[PDB]
Structure formats: C-alpha cells, structure tokens
Amino acid sequence: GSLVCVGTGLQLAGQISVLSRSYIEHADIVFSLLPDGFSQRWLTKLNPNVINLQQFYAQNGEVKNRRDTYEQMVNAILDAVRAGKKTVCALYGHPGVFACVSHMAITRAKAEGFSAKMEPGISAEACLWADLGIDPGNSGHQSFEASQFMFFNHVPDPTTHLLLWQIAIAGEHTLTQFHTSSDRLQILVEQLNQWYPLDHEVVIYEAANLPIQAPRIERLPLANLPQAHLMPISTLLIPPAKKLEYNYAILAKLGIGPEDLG
Amino acid sequence: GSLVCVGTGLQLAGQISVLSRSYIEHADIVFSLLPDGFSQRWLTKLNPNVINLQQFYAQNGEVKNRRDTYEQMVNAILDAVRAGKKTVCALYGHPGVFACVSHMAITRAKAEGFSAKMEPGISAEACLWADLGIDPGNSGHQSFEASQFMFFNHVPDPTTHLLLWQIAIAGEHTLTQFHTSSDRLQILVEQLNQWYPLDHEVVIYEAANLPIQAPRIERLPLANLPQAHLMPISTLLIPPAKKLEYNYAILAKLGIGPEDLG
Amino acid sequence: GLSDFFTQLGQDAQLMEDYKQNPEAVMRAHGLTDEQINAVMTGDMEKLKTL
Amino acid sequence: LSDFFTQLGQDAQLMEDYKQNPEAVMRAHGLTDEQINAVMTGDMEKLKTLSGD
Ligand SMILES: C[S@@+](CC[C@H](N)C(=O)[O-])C[C@H]1O[C@@H](n2cnc3c(N)ncnc32)[C@H](O)[C@@H]1O
Ligand SMILES: Nc1ncnc2c1ncn2[C@@H]1O[C@H](CSCC[C@H](N)C(=O)O)[C@@H](O)[C@H]1O
Ligand SMILES: [Zn+2]
C-alpha cells in the first residue's frame, strides 16, 4: 500500500496537473473532497472506485468538532493503505494548503512505514493572483487564517497584500458552526483598524469552480465587512495601506542611495 | 489577436494544468521562458511555433538592466498579438508569481483593446509546502523579494514561515548581475538579526525541475548564509523564531480563552 | 448533458475559446435548455446544480 | 534521454515503476551507464551534457 495526495485545483477538470490526473486514473481507490457535484461526476468517470470524504462531516445538524471529522477522514485513508491499496487522496486546490487531512495522513503513513507523498496543486491563492492581476512579489504578501489572526498575536506588514482565509468563520472557536456572526466580524474590523483605516477598500474574492462562472471580486470599505455576504469559499484580500518606503538604514550599509537603484 | 499567459510548473511536462497544456497546443505562436532544454524540447513537440524569450537576456558579458530585458520580452509578445496571432505566453511555475512580464503584457494588451488573461500555475511556493510537508495555514506565511526586503521597509512576523525569493541576487541593486556578494548577504544577516538569532536554522530550498531529481532542502544556521552556494532558482525559507502568543484583548472581547479554544 | 459539457469546456481550450466568442451559440449547440442557459447568463450556480 | 524524462514526468504508472526500481526502468529505456550514473549521483549538469545542451 502507498499514498499520494493530489490537488484538483479550483476549476472543474482543467486545473489539475497532468501527472496528478494520471495518479487518479491509475489509483486502486480514491478518497475525494471536491467543491460540487459536477466535480464529483468528473472524478467518478476518471476512476469509479471513489470514497467521498464529505460523508464524515456532520449530517443531521449535529454538533461535531471538525477535528474529529478530520481524524475519521485520516483513519479512513490509512485503512485503505494498510490493506495494501495504491491509494490516492484528491482534494480541491492544493492538498497541503490550509488542509490538515493530507499532511496528517502522510505523517501517519510514513510512521507506519508506508510510502506517502504530496503533489502540489493550484490553490485559491494562486487563482487570486491571476484573477486580480496581482503579483505577490510586487510589494510582498502575507497569509493568515482569519481566526488564528484573532486568537493570536500576528503583526501584518501594511505594504503587502494581506490574505485572511476562512473569513466566513472568523472568530468561531468551537469549529462546529458553518459560519460566524456579524459581531465577531466587527471585532475583527476594530483589530484591523490598528493598521488600516475604516474606509480602506478590501476585496471579497471567490475563485470560480465552473468554466461558465465568473469569479467573485467584491470591493467594499473595511467598515462594511460585518454586513457582507460571506461564504465558506470566501477569502478576504486586504491590499496595501501604504506604499513602499526607502530603507535608508540598509542602503547606507550597502553604501548606496535611492538614485543608485536599478 | 489575443493573449493567454500560462505556467508550466517546475517539474517537466507533468506539472502544467490540463487546460493550460491545451492552450499551448492550439496557440498560433508561443513565447517561452522555461528552466532547461529538456522542458524546451517538450514544448516544441507540443507546438513547433515557439519563440524563446531567453534571447532577450544579456548576451555575451554585456551590461544590461533586467528591466530593459523585460520590456523587450513584453514588446515581442504584443507584436504577435497586434499582428493578430492567437498568442500564448508559457512561463515556468505560475506566470504571475514573482514575474512581471505576463502582468505587463496583459495590462498593455487590454489597453490596446485585445483579449488577454492569465491562467494560474503551480509555483515554487506551492512546491515548497509539498516538499517540506508544511501547511502555510499552520502559523501563516510571508513572501518577500530578498532585495526589496533590504531596499525598502518590510517587517516580518517571526511566528510565521518567511520566504525570501531571489536570495541569490539579494542586494544586487543594479539589476545587471546574476549573483550578489557574500558581503551583501552578511548585511542581510545583520538585518534579519532584528528578529532571528544568528544560530536560527534556515533552509535553502530548490524544487526539482526533472522527474529523476531530488529537491534541494539544505538546512544551515542563518550565520552561515553568506558562505552558502546559492543559485538563481534558490529560495530561502526562514521558519518561525517564536511560538504564538495569546491575544488576550481579542479573546476577551470574544468572551473566550486558551482552554476554550476548541 | 450539462455535466458532460462543463467537463469538456473546462479541459478543452479550443472549445473554451469558441464558447467565449459566442456563449449562447455554443451552449445551444451542446443541447443546453433555455433555463440552463438563463442560469448561466444570470450567474445562478445554485439553479445550475438543480438543473 | 529527453523522451524518457518527458514520459516519466507525465505518466504516474511509469513514475511508480521508476521509484520501485530506477536502474531497471532506466536500462529498459536504453539509458547509458554514464547517464544512469549521473542520475544516481544527482549531477544535473552532466545530464544536460549527455543530451547536447
Ligand atoms: C523571477 S522568479 C520566478 C518564480 C516563478 N514564476 C514561480 O512560480 O515560482 C525567480 C525566483 O523564484 C524562485 N524559484 C524559481 N525556481 C525555483 C525552484 N526550482 N525552486 C525554488 N524556488 C524557485 C526563486 O526565489 C527565484 O529567485
Ligand atoms: N473558490 C475559492 N475562492 C477563494 N478562496 C477559496 C476558494 N475555495 C477555498 N478558498 C479558501 O480556502 C479556505 C478553505 S481551506 C481549503 C484551501 C484549499 N486547499 C486551497 O488550496 O485553496 C476558504 O475558507 C477560503 O479562504
Ligand atoms: Zn503565498
């Protein structure tokens, strides 16, 4: 038995790697976690032996820590590996980006002496740069999970493009609910106001999952975030609040000035 | 005339998306910037009408600003579009990740009333998460161009994974050389010492370009960076120097605490 | 009918470029209904996942 | 050599075969001892020499 975790990208069918597709095609069994039913059918036609990881999510409005869900996902994947199946895990986007199931399964597989690897995929971040025509290198880039940003001390650089992932559950500690509240989001705005004016334009981004679908690129002032219509797939982009300024300290050590910059 | 910029990923042949390969196949003309001659041959067999953008780089010890190189690349791409060719630009990795040529070509094409778009690809960053078994969501991540980090004011969050791209030319202000000096790197170490001790373990990472090739994952103390063997393709990973500290202010507003973090 | 079309469209750059030239024509030619087409043109994904 | 690498990167079946037995798979695709040596020593420079780049 062996394990290969692949990503299918965000868009249907077209955004998976050539090699990653081949892995799915030749797998004994596939464990899937896909955005929609169109993506699900696509997968099943590629390889009919599919087990849908969605099933491990709470079904009947029951309270269940998503950490328990992930554990059952991991154990289900490892069971196939232990049995001797050439197992492939197919997650949407990039399998190791804001996704613990794969990292956990790989760690566990390796420790039990199984071959396990992760193939990189196209993430929501990757889609964002393209859809918004932004290069993360222009003035740099920072990414944080929205809740972690609230629970712990992160200091953002306001010259960079800042991303807050999983903004829809910002401040939702129990990890049972499928969304947060407007008051939680208001607290986030106040926190952000340390570095960003209330009228700072932010962007609610959602990459399209279908080829006939346009992405969501919704601009609004930060102060209006708490009233916004957020979905699980929403990512919040916070563009720079300040332009790049010269670092005279280091330039001096380099023995140059701004005018010497190529 | 139209323009579509695609990425080919880092690995040969297999790391491009299904859709993006298809774009290359059906293109009237392709402008390429690929890692090696193996990837170049692969491209030519896919579509014989290729112009290699490499030609626009400084040739024969000539002194040339790399900005001039990019301008000539952009102009060459637009010439084909203006002539009415269904044009495809194929860059390695993600075409818009630390790459100005595609963004510039798309901006210029749009302004002259041509259809232009960018398809996301798999970047060196994407490869890094996979190769090092790191999820950027775990404690977040930050990316900066090494030189820009030195020349302008950027403050990293030392709880997050920090990436410095183009570390090999860190402090090479003229943009005419293909590598920097050990003294420039020493100044960078001193600068970083604001947040990271001299004995802090950093990682020089290089994703593989060939299927028979292992990635470079070279661990060393920060202090030793100036003596390290760096390549144009090298990226510097600086893991967290601090564990997360609780944000008591916000937790209190949320009406929760550490033990309440589910 | 609908699912097969979308899978092709997402994978095939030729068809993609055809579609972007004339969405309605391509969709109609692949046998999509008026309601399905309306759904696409209004950007109502939910209704697509019903149809 | 170039033909092999293109296939290997694209084809997960061949990839899995390769990782099982690199030398066996390489010899099966007619790679020379010098080429195989370069692969096993991880000398990329030499590989590009043994194709004419
Ligand atoms: C002009 S940028 C090109 C980035 C490319 N578009 C991408 O998607 O990674 C060049 C820089 O990208 C990074 N890079 C390029 N190839 C790499 C590789 N094989 N492994 C690691 N980093 C790489 C390095 O930081 C290098 O200095
Ligand atoms: N279609 C989409 N558009 C934008 N962001 C998305 C998205 N789908 C997922 N995300 C982001 O990812 C979070 C879920 S975590 C899953 C991330 C996925 N592995 C990837 O590679 O992107 C969401 O809360 C959001 O922040
Ligand atoms: Zn990033």
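Residues numbered from 1 in each chain as written, not as in the entry; some residues may be left out. Chains lettered and ligands numbered in written order. Heavy atoms only, no water.

Its PDB header names X-ray crystallography as the technique used to obtain the model and reports a resolution of 2.10 Å.

As annotated in the PDB entry, chain D carries the name Extradiol ring-cleavage dioxygenase LigAB LigA subunit domain-containing protein and comes from Shewanella oneidensis.

By the naming in the PDB entry, chain A goes by TP-methylase family protein and is assigned to Shewanella oneidensis.

Caption draft 1: Up close: the packing of helix α1 (residues 18–26) of chain B against helix α2 (residues 13–21) of chain C. Where α1(B) meets α2(C), the axes come as close as 8 Å, and the angle between the chain directions of the two elements is 80°. Of the possible angle classes, the one that applies to α1(B) and α2(C) is roughly perpendicular. Facing α1(B), whose interface residues are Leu19(B), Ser22(B), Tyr23(B) and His26(B), α2(C) presents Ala13(C), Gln14(C), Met16(C), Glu17(C) and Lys20(C). (Axes fitted to C-alpha atoms, helices over the stretch in contact; angles between N-to-C directions. Helix = DSSP H or I, 4+ residues; strand = E, 2+ residues; numbered from the N terminus. Parallel < 35°, antiparallel > 145°, perpendicular 65-115°, else oblique. Contact = heavy atoms within 4.5 Å.)

Caption draft 2: Focus on the interface of chain B and chain A. With 68 residues of chain B in contact, the opposing surface of chain A contributes 67 residues. Across the chain B/chain A interface, buried area totals approximately 5400 Å², and carbon plus sulfur atoms make up 60% of it. One can count 0 salt bridges joining chain B with chain A. Counting across the chain B and chain A interface gives 34 residue pairs in polar contact. Looking at the side of chain B that touches chain A, the elements with two or more residues in it are α1, α4 (100–111), α5 (124–131), β6 (141–145), α6 (146–151), α7 (182–192) and α8 (248–254) of chain B. Examining the composition of the side of chain B that touches chain A, we find that 5 residues originate from one element, α5(B), more than from any other. (Buried area = accessible area lost by both parts, 1.4 Å probe. Salt bridge = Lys/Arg side-chain N within 4 Å of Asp/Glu carboxyl O. Polar contact = N/O pair within 3.5 Å; in protein donor to acceptor, adjacent residues only side chain to side chain.)

Caption draft 3: Focus on the site of ligand 2. All names here are of chain A. The environment of ligand 2 is formed by 17 residues, the closest being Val-97, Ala-207, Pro-232, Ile-233 and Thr-235. One nitrogen or oxygen atom from the main chain of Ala-124 is found 3.1 Å from an oxygen atom belonging to ligand 2. Within the backbone of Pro-232, an N or O atom sits 2.8 Å from an oxygen atom of ligand 2. With the chains in place, 95% of the 540 Å² that ligand 2 exposes on its own is no longer accessible. In the shell around ligand 2, the residues fall into 10 nonpolar, 6 polar and 1 charged. (Near = heavy atom within 4 Å. Areas by Shrake-Rupley, 256 points an atom, 1.4 Å probe, with all protein chains shown as cover. Nonpolar A, V, L, I, M, F, W, Y, C, P; charged D, E, K, R; others polar.)

Caption draft 4: Just the interface of chain D and chain B, in detail. Between chain D and chain B, the residue contacts involve 17 residues of the former and 14 residues of the latter. Counting each side, the surface lost to burial between chain D and chain B is near 1300 Å², with a carbon and sulfur contribution of 67%. Our count for the chain D to chain B interface comes out at 2 salt bridges. Here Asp3(D) makes a salt bridge to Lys45(B), at a shortest N to O gap of 3.6 Å. Contributions of two or more residues to the side of chain D that touches chain B are made by α1 (2–10), α2 (12–20) and α5 (44–49) of chain D. Per-element tally for the side of chain D that touches chain B: the top contributor is α1(D), with 7 residues. The residue inventory of the side of chain D that touches chain B, partitioned by class, reads 8 nonpolar, 6 polar and 3 charged.

Caption draft 5: Main features of the sheet that holds β6(B). Taking strand neighbours across the sheet as the criterion, the 10 strands line up as β9(A)-β8(A)-β10(A)-β7(A)-β6(A)-β6(B)-β7(B)-β10(B)-β8(B)-β9(B) in an open arrangement whose pairing is mixed. Strand pairing shows two members of the sheet lacking a second neighbour, β9 (216–221) of chain A together with β9 (216–221) of chain B, which therefore form its edges. Sheet twist, expressed as the mean angle between neighbouring strand axes with direction ignored, is 20°. Sheet contacts for α5(B): β6 (141–145) of chain A together with β6, β7 (161–165), β8 (201–206), β9 and β10 (235–238) of chain B; angle to β7(B), the most-contacted strand, approximately 135°. (Pairing = 2+ DSSP bridges.)

Caption draft 6: The coordination of the zinc ion (ligand 3), seen in detail. Taken together, the protein donors to the zinc ion (ligand 3) comprise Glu125(A) (OE), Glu125(B) (OE) and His141(B) (NE2), at separations of 2.0 to 2.2 Å. A residue pair is termed interchain when its members come from two chains, as with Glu125(A) in helix α5 (residues 124–131) and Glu125(B) in helix α5. The exposure class assigned to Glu125(A) is buried, which follows from its relative accessible area of 7%. (Donors = N, O, S within 2.8 Å, 3.2 Å for Na, K, Ca; no water. Buried < 20%, exposed > 50% of the residue type's maximum accessible area, 1.4 Å probe, protein only.)

Caption draft 7: Spatial organisation of the site of ligand 1. Residue and element names in this part refer to chain B. Around ligand 1, 17 residues are found, and the nearest of them are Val-97, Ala-207, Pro-232, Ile-233 and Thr-235. Contact distances for ligand 1 include 3.3 Å between an oxygen atom and a backbone N or O atom of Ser-234. Out of a free accessible area of 570 Å², ligand 1 has 93% covered by protein chains. In terms of residue class, the shell around ligand 1 is made up of 10 nonpolar, 6 polar and 1 charged.

Caption draft 8: Region of interest: the sheet that holds strand β1 (residues 2–7) of chain B. Residue and element names in this part refer to chain B. With parallel pairing, the 5 strands of this open sheet are ordered in space as β3-β2-β4-β1-β5. Each of the sheet's edge strands pairs with one partner strand only, and the pair in question is β3 (50–52) and β5 (115–118). Strand after strand, the sheet turns through a mean of 20° between neighbouring axes, direction not considered. In the sheet, strand β2 (residues 29–33) pairs with strand β4 (residues 86–91) via 5 bridges, with the strands oriented parallel. Bridge pairing in β4 places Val-30 opposite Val-88.

Caption draft 9: Fine view of the packing of aromatic side chains. Within the structure shown, the criterion is met by 15 aromatic pairs over all chains. Arranged with centres 6.3 Å apart and planes meeting at 75°, the rings of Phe149(B) and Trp195(B) form a pair that is edge-to-face. Separated by 46 residues along the polypeptide, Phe149(B) in helix α6 and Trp195(B) in the loop between α7 and β8 bring together distant segments of the chain. Among the aromatic side chains, those forming a connected cluster through ring pairs are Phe38(B), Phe4(D), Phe5(D) and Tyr18(D). Looking at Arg41(A), its charged tip hangs above the ring of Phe38(A), at a distance of 6.0 Å from the centre. (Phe/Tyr/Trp six-rings, centres within 6.5 Å; stacked < 30°, edge-to-face > 60°. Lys NZ or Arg CZ within 6 Å of the ring centre and 35° of its normal.)

Caption draft 10: Up close: the arrangement of the chains. The structure contains 5 pairs of chains in contact, of which chains A and B account for the largest number of contacts. Regarding chain C and chain D, the two do not touch, and the least distance separating their C-alpha atoms is 17 Å.

Caption draft 11: The UniProt feature "binding site: Zn(2+)" (unreviewed entry) in chain A, seen in detail. Mapped onto the present numbering, the UniProt feature "binding site: Zn(2+)" (unreviewed entry) falls at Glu125(A) and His141(A). What stands out for the annotated residues spanning 17 residues is how close their C-alpha atoms remain, the widest pair being 10.6 Å apart. Checked against the lining of the largest cavity, the annotated residues just named reduce to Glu125(A). Not counting residues within four places of it along the chain, the set of residues in contact with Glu125(A) comprises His141(A), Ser143(A), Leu163(A), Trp165(A), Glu125(B) and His141(B). With respect to the helices, strands and loops of the structure, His141(A) is situated in strand β6. Taking relative accessible area as the criterion, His141(A) reaches 0% and is therefore assigned buried. Leaving out residues up to four positions away in the same chain, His141(A) has contacts with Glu125(A), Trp129(A), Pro136(A), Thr160(A), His161(A), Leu163(A), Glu125(B), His141(B), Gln142(B) and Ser143(B). Of note is the side chain of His141(A), whose polar atom sits 3.3 Å from the side chain of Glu125(A). (UniProt positions renumbered as here; feature names shortened; annotations may be inferred. 1 Å grid on protein atoms, 1.4 Å probe; cavity = no way out; pocket = protein on both sides within 12 Å on 5 of 7 lines; lining within 4 Å.)

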